[PDB]
Amino acid sequence: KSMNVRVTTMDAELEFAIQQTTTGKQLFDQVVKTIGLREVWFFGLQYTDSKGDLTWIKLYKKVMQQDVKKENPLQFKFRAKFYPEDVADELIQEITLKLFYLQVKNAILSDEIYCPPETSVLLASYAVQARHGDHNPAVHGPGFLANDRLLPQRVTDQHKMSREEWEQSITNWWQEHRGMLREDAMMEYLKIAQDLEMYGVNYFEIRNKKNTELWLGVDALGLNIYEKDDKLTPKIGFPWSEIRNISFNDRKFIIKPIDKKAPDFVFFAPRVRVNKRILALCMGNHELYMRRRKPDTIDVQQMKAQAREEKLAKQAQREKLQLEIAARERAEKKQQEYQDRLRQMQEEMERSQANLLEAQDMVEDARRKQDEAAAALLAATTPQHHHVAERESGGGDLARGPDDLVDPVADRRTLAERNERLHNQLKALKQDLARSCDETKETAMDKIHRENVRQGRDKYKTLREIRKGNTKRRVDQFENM
Ligand SMILES: [Cl-]
């Protein structure tokens with residue numbers, strides 16, 4: 001029996017059928033080949049299992065053996081499970097950029113990630129650039145932005161500004177981005193967002209042996225420990241380069257340091273299913289961290305060169321464009337293109353399966369057709385080595401990195417401290433918004449953030465601090481929390 005599925009990306013919906021023998025990898029590959037995405041290591045398919053839990057599809061298991069919630073169609077979300085370390089250096093393709101951008105903007109707008117008011121407004125201004133192109137006062141008037149999702153509810157809740165006033169303020173900043181390509185606006189949005197404390201962090205409720213309630217943060221840079229009442233500023237950290245082995249047994253998680261002299265980092269999670277998720281995220285983030293410590297592979301450098309050329313091809317084609325296409329129409333056209341590509345894939349796959357069987361049944365002419373057919377079928381698949389390795393108990397040894405491994409956090413700085421223009425924008429915005437701020441509407445997170453700023457703290461400065469001393473010192477500090 002065949003099963004209907006729907007896969008939702010941040011920019012599209014894909015509808016097609018699978019069979020009982022279809023694997024997670026074949027499902028995934030149908031998706032990424034349709035949308036033209038090759039940076040497959042960041043992404044996965046989420047679904048809801050029969051118990052109501054958010055689960056990620058396993059590639060080397062049949063989809064129909066994975067307990068996907070029974071409904072017609074089966075429902076999947078195509079999402080980034082792993083984040084880049086640094087967006088500007090790592091996101092190669094336009095489709096990969098776009099999808100990260102939309103995912104991260106959604107996290108900001110939904111208040112999944114804390115983002116202060118002044119930064120929320122600047123980000124809103126880049127989002128309007130990304131979505132609508134250059135501001136033009138002769139063309140963009142009352143009602144143009146009426147249906148755009150501009151800001152987190154926290155920000156609008158705590159200021160005494162009307163929608164019209166917000167639109168005007170964001171439009172003033174949008175005017176500053178004129179000439180910027182939509183793709184560059186998306187990249188700039190991500191460059192600003194990636195320095196937010198909560199960006200890219202998977203948070204898990206844990207406890208130490210003395211039973212103190214904590215958060216574990218798993219991200220691209222390492223593992224962080226937070227006090228229960230402060231998700232912005234972790235207290236203890238380990239970079240991925242210090243971890244040797246990770247495993248769990250029931251509720252007990254054990255992290256073995258590379259430092260043979262150091263004790264184990266041990267904690268407890270309230271449920272074994274969450275431990276499996278933690279383990280998968282640790283193993284994947286560690287794996288990608290180690291790729292980043294090594295030179296680009298043959299495949300990545302080629303992706304990068306090709307991306308760089310398609311950017312020029314695209315720009316040459318846009319310079320012949322007589323009329324601007326509005327955002328809604330662009331989105332519809334993109335959806336249509338995907339639908340066209342999915343049908344083409346399905347047709348070519350049927351024909352190639354057929355041509356393969358015509359040749360197999362039927363020699364120098366027949367062998368060539370068999371090869372062309374087989375090549376076409378494999379071109380519908382992604383290279384297995386591009387993907388991240390797949391997993392009561394579980395875990396094991398992590399592949400150690402290069403001998404000259406240098407962790408990047410020591411030399412990493414925020415954009416705001418490196419870029420005077422950004423600094424001065426945020427400063428101007430902070431002054432502007434204070435005129436309408438309602439102080440009785442400060443949230444707990446707002447207070448933590450304002451104190452961080454008052455104390456001169458930032459994301460990487462804090463990471464350097466909490467990673468000081470040898471492993472044993474930090475493991476001991478954890479046990480005493
Ligand atoms: Cl392969």
# chains A, B, ... in the order shown; residues from 1 in each chain; ligands from 1

$ residues_around --residues "residue 208 of chain A" --least-positions-apart "5" --cutoff "7 Å" --atoms "only C-alpha atoms" --output "MDAnalysis selection string"
chainID A and resid 267:268 479

$ write_last_selection --atoms "C-alpha atoms" --output "PDB file, in the first residue's frame"
ATOM      1  CA  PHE A 267      23.955  14.541  34.870  1.00  0.00           C
ATOM      2  CA  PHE A 268      20.400  13.275  34.956  1.00  0.00           C
ATOM      3  CA  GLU A 479      28.684  19.246  40.857  1.00  0.00           C
TER       4      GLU A 479
END

$ residues_near_ligand --ligand "ligand 1" --cutoff "8 Å" --atoms "only C-alpha atoms and all ligand atoms" --output "list in words"
residues 378, 381, 382, 383, 384 and 385 of chain A

$ write_last_selection --atoms "N, CA and C atoms" --output "PDB file, in the first residue's frame"
ATOM      1  N   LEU A 378      20.633   7.073  -9.332  1.00  0.00           N
ATOM      2  CA  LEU A 378      21.543   7.497  -8.255  1.00  0.00           C
ATOM      3  C   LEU A 378      21.677   9.011  -8.163  1.00  0.00           C
ATOM      4  N   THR A 381      19.627  10.635  -5.641  1.00  0.00           N
ATOM      5  CA  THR A 381      19.993  10.402  -4.246  1.00  0.00           C
ATOM      6  C   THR A 381      21.102  11.379  -3.839  1.00  0.00           C
ATOM      7  N   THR A 382      21.233  11.598  -2.543  1.00  0.00           N
ATOM      8  CA  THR A 382      22.301  12.405  -2.017  1.00  0.00           C
ATOM      9  C   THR A 382      23.432  11.488  -1.548  1.00  0.00           C
ATOM     10  N   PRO A 383      24.692  11.942  -1.716  1.00  0.00           N
ATOM     11  CA  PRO A 383      25.871  11.229  -1.204  1.00  0.00           C
ATOM     12  C   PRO A 383      25.786  10.942   0.288  1.00  0.00           C
ATOM     13  N   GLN A 384      25.927   9.672   0.653  1.00  0.00           N
ATOM     14  CA  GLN A 384      25.674   9.245   2.017  1.00  0.00           C
ATOM     15  C   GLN A 384      26.626   9.901   3.018  1.00  0.00           C
ATOM     16  N   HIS A 385      27.857  10.188   2.589  1.00  0.00           N
ATOM     17  CA  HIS A 385      28.881  10.724   3.499  1.00  0.00           C
ATOM     18  C   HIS A 385      28.639  12.204   3.824  1.00  0.00           C
TER      19      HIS A 385
END

$ closest_residue --among "A:288, A:232, A:10, A:68" --to "residue 451 of chain A" --atoms "only C-alpha atoms"
A:232

$ select_by_dssp --residues "segment 118-352 of chain A" --states "alpha helix (DSSP H)" --output "MDAnalysis selection string"
chainID A and resid 118:132 153:157 163:174 182:193 272:292 298:318 327:352

$ residues_around --residues "residue 294 of chain A" --least-positions-apart "5" --cutoff "9 Å" --atoms "only C-alpha atoms" --output "PyMOL selection string"
chain A and resi 401-402+405

$ closest_residue --among "A:343, A:277, A:414, A:142" --to "residue 395 of chain A" --atoms "only C-alpha atoms"
A:277

$ residues_around --residues "residue 108 of chain A" --least-positions-apart "3" --cutoff "9 Å" --atoms "only C-alpha atoms" --output "list in words"
residues 103, 104, 105, 111, 112, 113, 114, 115, 120, 151, 152 and 193 of chain A

$ residues_around --residues "residue 236 of chain A" --least-positions-apart "5" --cutoff "7 Å" --atoms "only C-alpha atoms" --output "ChimeraX atom specification"
/A:224-225,466-467,474

$ closest_atom_pairs --of "segment 299-404 of chain A" --to "segment 240-260 of chain A" --cutoff "8 Å" --atoms "only C-alpha atoms" --output "tab-separated table"
residue	atom	partner	partner_atom	distance
A:392	CA	A:250	CA	5.0
A:393	CA	A:249	CA	4.3
A:394	CA	A:247	CA	5.5
A:395	CA	A:247	CA	4.0
A:396	CA	A:245	CA	5.5
A:397	CA	A:245	CA	4.3
A:398	CA	A:245	CA	5.5
A:399	CA	A:244	CA	7.8
A:400	CA	A:244	CA	7.3
A:401	CA	A:241	CA	7.4

$ decode --residues "segment 277-303 of chain A" --atoms "N, CA, C and O atoms" --output "tab-separated table (two decimals), in the first residue's frame"
chain	number	residue	atom	x	y	z
A	277	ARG	N	17.47	12.12	22.35
A	277	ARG	CA	17.50	13.36	21.56
A	277	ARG	C	18.76	14.15	21.87
A	277	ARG	O	19.45	14.59	20.96
A	278	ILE	N	19.07	14.29	23.16
A	278	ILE	CA	20.32	14.91	23.59
A	278	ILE	C	21.52	14.24	22.95
A	278	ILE	O	22.38	14.91	22.39
A	279	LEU	N	21.58	12.92	23.02
A	279	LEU	CA	22.69	12.16	22.47
A	279	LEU	C	22.86	12.41	20.97
A	279	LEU	O	23.97	12.68	20.52
A	280	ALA	N	21.78	12.30	20.21
A	280	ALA	CA	21.80	12.60	18.76
A	280	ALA	C	22.31	14.02	18.45
A	280	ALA	O	23.10	14.22	17.53
A	281	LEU	N	21.86	15.00	19.22
A	281	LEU	CA	22.31	16.38	19.02
A	281	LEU	C	23.77	16.60	19.38
A	281	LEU	O	24.48	17.36	18.71
A	282	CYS	N	24.23	15.95	20.45
A	282	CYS	CA	25.64	16.05	20.83
A	282	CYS	C	26.51	15.43	19.77
A	282	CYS	O	27.51	16.02	19.37
A	283	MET	N	26.13	14.24	19.30
A	283	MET	CA	26.94	13.53	18.31
A	283	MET	C	27.01	14.28	16.98
A	283	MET	O	28.06	14.34	16.33
A	284	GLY	N	25.88	14.85	16.57
A	284	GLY	CA	25.81	15.61	15.32
A	284	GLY	C	26.53	16.94	15.38
A	284	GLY	O	27.23	17.31	14.43
A	285	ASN	N	26.35	17.68	16.46
A	285	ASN	CA	27.05	18.95	16.58
A	285	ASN	C	28.57	18.75	16.70
A	285	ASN	O	29.34	19.52	16.14
A	286	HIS	N	28.98	17.72	17.43
A	286	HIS	CA	30.41	17.38	17.54
A	286	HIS	C	30.99	16.99	16.16
A	286	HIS	O	32.05	17.46	15.78
A	287	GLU	N	30.27	16.16	15.42
A	287	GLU	CA	30.69	15.78	14.07
A	287	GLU	C	30.87	16.97	13.14
A	287	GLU	O	31.90	17.08	12.45
A	288	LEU	N	29.90	17.88	13.12
A	288	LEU	CA	29.99	19.06	12.27
A	288	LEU	C	31.06	20.05	12.74
A	288	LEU	O	31.71	20.71	11.93
A	289	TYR	N	31.23	20.17	14.05
A	289	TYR	CA	32.34	20.96	14.62
A	289	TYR	C	33.70	20.48	14.07
A	289	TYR	O	34.55	21.30	13.70
A	290	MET	N	33.89	19.16	14.01
A	290	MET	CA	35.15	18.58	13.53
A	290	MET	C	35.35	18.75	12.02
A	290	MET	O	36.48	18.90	11.57
A	291	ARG	N	34.26	18.76	11.26
A	291	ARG	CA	34.34	19.10	9.84
A	291	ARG	C	34.83	20.52	9.69
A	291	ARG	O	35.60	20.82	8.78
A	292	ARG	N	34.37	21.40	10.57
A	292	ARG	CA	34.73	22.81	10.50
A	292	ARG	C	36.19	23.07	10.89
A	292	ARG	O	36.75	24.09	10.52
A	293	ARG	N	36.77	22.16	11.66
A	293	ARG	CA	38.17	22.28	12.08
A	293	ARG	C	39.11	21.78	10.99
A	293	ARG	O	40.31	21.97	11.10
A	294	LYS	N	38.57	21.14	9.94
A	294	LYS	CA	39.35	20.61	8.85
A	294	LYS	C	39.13	21.42	7.57
A	294	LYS	O	38.14	22.16	7.47
A	295	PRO	N	40.06	21.33	6.60
A	295	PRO	CA	39.86	21.97	5.29
A	295	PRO	C	38.59	21.50	4.58
A	295	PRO	O	38.13	20.37	4.79
A	296	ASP	N	38.06	22.36	3.72
A	296	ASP	CA	36.94	22.01	2.86
A	296	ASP	C	37.23	20.75	2.06
A	296	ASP	O	38.33	20.56	1.57
A	297	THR	N	36.24	19.86	1.96
A	297	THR	CA	36.36	18.71	1.08
A	297	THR	C	36.22	19.14	-0.39
A	297	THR	O	35.82	20.27	-0.72
A	298	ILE	N	36.55	18.20	-1.27
A	298	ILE	CA	36.38	18.40	-2.71
A	298	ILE	C	34.94	18.84	-3.02
A	298	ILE	O	34.73	19.77	-3.78
A	299	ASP	N	33.96	18.17	-2.41
A	299	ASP	CA	32.53	18.44	-2.67
A	299	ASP	C	32.08	19.81	-2.21
A	299	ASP	O	31.33	20.49	-2.93
A	300	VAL	N	32.52	20.24	-1.03
A	300	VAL	CA	32.16	21.56	-0.49
A	300	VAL	C	32.76	22.72	-1.29
A	300	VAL	O	32.07	23.70	-1.58
A	301	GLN	N	34.04	22.63	-1.65
A	301	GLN	CA	34.67	23.68	-2.44
A	301	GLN	C	33.97	23.87	-3.79
A	301	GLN	O	33.79	24.99	-4.23
A	302	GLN	N	33.61	22.76	-4.43
A	302	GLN	CA	32.82	22.76	-5.66
A	302	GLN	C	31.41	23.36	-5.50
A	302	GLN	O	30.95	24.11	-6.36
A	303	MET	N	30.72	23.01	-4.42
A	303	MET	CA	29.45	23.65	-4.08
A	303	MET	C	29.63	25.16	-4.00
A	303	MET	O	28.80	25.91	-4.52
